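Position one of the sequence shown corresponds to residue 1 (PDB author numbering), numbered consecutively onward. These notes are about the structure you will find just below.
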Amino acid sequence: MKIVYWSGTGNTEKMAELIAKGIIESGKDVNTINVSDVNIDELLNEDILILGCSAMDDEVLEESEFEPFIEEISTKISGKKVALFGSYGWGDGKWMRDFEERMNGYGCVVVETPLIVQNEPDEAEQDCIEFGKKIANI
Ligand SMILES: Cc1cc2nc3c(=O)[nH]c(=O)nc-3n(C[C@H](O)[C@H](O)[C@H](O)COP(=O)(O)O)c2cc1C
């Protein structure tokens, strides 16, 4: 499996590692890829796309790297399964409600409720692991 993410301070990166740990604990392999090192072509062969990005600017996806990546794969992911996640700071998940609506609009099937954690995981470490286990059980 593949986990693609953008992280500015490392909070979403930490979530990605924990989600990966959950998938691995389930007996499966998975690679975590920072959005800047991703190969769209190889990524599109996956049955499930696991994508993460923290809330940026004013409740939107990060603009210089993550957003363009989503726009690029948008026309080629209809019917694909996707799981979404990310860290946030002061809002209540508006950027993620929009992200989920968007992916749905492109024809994707969002397999589980998006996992959003405030600031660094810490207390939510198990929740991240469990999210990965749910994905591996699909
Ligand atoms: C410029 C900037 C804008 C942000 N905008 C939002 C926002 O609109 N809503 C929110 O809840 N958090 C927002 N945050 C806070 C980050 O989402 C939060 O610190 C998160 O933990 C960052 O995770 P990361 O290290 O994975 O980037 C913003 C942070 C920065 C630096």
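All C-beta atoms, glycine included, are put in the ideal place defined by N, C-alpha and C.
- With contact defined as three or more Cβ pairs closer than 8 Å, the stretch 66-79 and the stretch 22-30 are not in contact.
- Between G107 and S78 a beta carbon distance of about 3 Å is seen, short of the 8 Å cut, so the two are scored as contacting.
- Out of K21, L61, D98 and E25, the CA that lies nearest to the CA of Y5 is found in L61.
- Using a Cβ distance threshold of 9 Å, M15 and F66 do not count as a contacting pair.
- Residue pairing of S7 in beta bridges, as defined by DSSP: absent, with no partner found.
- Using a cutoff of 8 Å, the CB of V60 counts as near ligand 1, since one of the ligand's heavy atoms is closer than that.
- Shortest Cα-Cα distance from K2 to any of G10, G8 and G52 involves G52.
- The beta carbon of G93 sits closer than 6 Å to those of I116, all from its chain and outside the five residues before and after it, given in chain order.
- With 16 or more other Cβ atoms inside 10 Å of its own Cβ, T12 counts as buried.
- Apart from the 5 residues on each side of it in sequence, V110 sits with its Cβ closer than 7 Å to the Cβ of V82, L84, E100, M103 and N104 in its chain, given in chain order.
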